[PDB]
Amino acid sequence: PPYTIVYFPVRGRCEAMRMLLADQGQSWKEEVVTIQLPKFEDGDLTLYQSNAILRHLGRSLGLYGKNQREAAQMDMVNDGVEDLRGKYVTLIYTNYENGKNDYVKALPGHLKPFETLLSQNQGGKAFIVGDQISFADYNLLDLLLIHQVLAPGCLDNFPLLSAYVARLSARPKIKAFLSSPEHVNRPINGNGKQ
């Protein structure tokens, strides 16, 4: 510490890290830019790449599992989350009008794997991997929230993902963040589409 996030006036690739810091009871400075990013500072350490930052917070704050297997599975989940996020960004910023239809029908095929993982872990009553929350949970949660906005009801056929979202969102510190002015008045994406 101290922590500082330098990024555009959007939720984009930073909401996950913001919810993580909030939930872990940490404070941070927010530096807004208009026109890579985000840049993150942790005392003397400067970082780039939202996932490099998430893993760094996972390591230092104890949100990276308890062993090799969990660490490996968490990486797997995050990589998957990032693959869908990359597709999403492409839609939003380059083929929203035409591509939206195709994306939404294909969407359920991408969520299924996460539903499967949840069922395999304590009947989807705990976290994505293990018995404790990890950096991966915050990233997945964010991915699900913006998708519900992109296509309402996309989680209808997924009772575990659906429950998981309500469960995590109810966590007091996260609930406060999601209700915060900073969060509420910030668009999901930089182009007004979502």
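A residue's number is simply how far along the shown sequence it sits, counting from 1.
- In the deposited entry, the stretch joining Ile35 to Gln36 is interrupted by 10 or more residues of the deposited sequence lacking coordinates.
- In this entry, 142 to 150 has the higher mean Cα B-factor, the comparison being between 142 to 150 and 53 to 61.
- Checked against the record, the higher mean CA B factor of 158 to 166 and 127 to 135 lies with 158 to 166.
- Looking at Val89, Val104, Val81, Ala72, the one whose CA carries the top B-factor in the deposited record is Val104.
- The PDB entry assigns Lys175 a C-alpha temperature factor belonging to the highest third of its chain's modelled residues.
- In this PDB entry, the Cα temperature factor of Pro187 sits in the middle third of its chain's modelled residues.
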